Every structure is written in structure tokens, then in C-alpha cells.
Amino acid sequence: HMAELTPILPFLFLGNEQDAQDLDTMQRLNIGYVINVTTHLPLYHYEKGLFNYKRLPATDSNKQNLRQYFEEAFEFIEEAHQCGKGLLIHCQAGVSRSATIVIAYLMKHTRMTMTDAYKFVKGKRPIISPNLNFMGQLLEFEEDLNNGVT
């Protein structure tokens, strides 16, 4: 597999589970942190002691709450940021879970509207599968940011 570790920001990369298995590319991009946004995929390289792994144990379903993990993900992204290392956030094909988290990060920490952040991510990673539940959670999150509640 030819991994596509999509650079959203200089240190923030988006990919699927085949991308997350490409050890050589991950090391070449100075990635030091991995967020696995799934309940069931391996921490593929855990036993090599190369990356700081975090699991956000979410399914790609119409009932899954991802909003509950946003702040945890943001803190870990800021750790990689301040450490000068890259972070890969991934789930499965179509990246619905990991792209939602990236979009939320852009909204809160780079002052983007939800629509602009979605279009920004889709401009770099053209295939993003729909999850209407996650769309609604981004919309509630946008409303909360605009009301100063988060």
C-alpha cells in the first residue's frame, strides 16, 4: 500500500488504517503521535516504541458520540504541536471519524467556520464518507463556539 498521510497543517496528518500502517512514511514525516479513532483497529506499531498512541474508542455509526472526545484529541494535538513532532489521526476507509475531529480542531483552534473547515479538509482529502450524526455534532459544536460555551 502507498500511504497517503494527508498534511492538513505542518504537523497534523489525516489518513485511513492502511495509511496508519506505513511505518517508513510515518518516520519520514517526523510523526511522533498517533490518534486511532476506532474501537477495534490495532495500535499497529505499539510494540516498536516509536509513537505515542492514543485511542478514541468510537464506531462509525449513527449513534456514536464523538463530541465527548474533542477536547482530549485537541490536548494531544497540542502536545505534538509544542513537542515539534507530527501527529497522524486515523480511522478507516472514508475517514469519517478522524475527519470530524480534524474539522472540529480547525474550527476551534484556527477560527474557521464549520463550512470553511470542512471544505478545507475536503480540498486536501477528496473522499470523506458521510455521517449525518457527525455532521449534526459539528453543527452543535459550531453553535457552542459561537456562543462562547466551549
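Here the rigid core means the biggest group of C-alpha atoms that line up within 1.5 Å when the two forms are laid on top of each other. Residue positions are given as counts along the sequence shown, with the first one as 1.
- Comparing 117 to 125 with 92 to 100 in 4 other deposited structures of this protein, after superposition on the rigid core, the stretch with the greater RMS C-alpha deviation is 92 to 100.
- 112 to 120 and 27 to 35 differ in mean CA B-factor, and the higher of the two is recorded for 27 to 35.
- Stretches 17 to 25 and 132 to 140 differ in mean C-alpha B factor, with the higher average recorded for 17 to 25.
- Based on the entry's C-alpha B-factors, the most elevated value among 41, 83, 107, 56 belongs to 83.
- Ranked against the other modelled residues of its chain, the C-alpha B-factor of residue 12 as given in the entry falls in the lowest third.
- Looking at the C-alpha B-factors along this chain, the one for residue 64 belongs to the middle third.
- When the CA B factors of the chain's modelled residues are split into thirds, the value for residue 90 lands in the lowest one.
- The deposited CA B-factor of residue 97 belongs to the lowest third of values across its chain.
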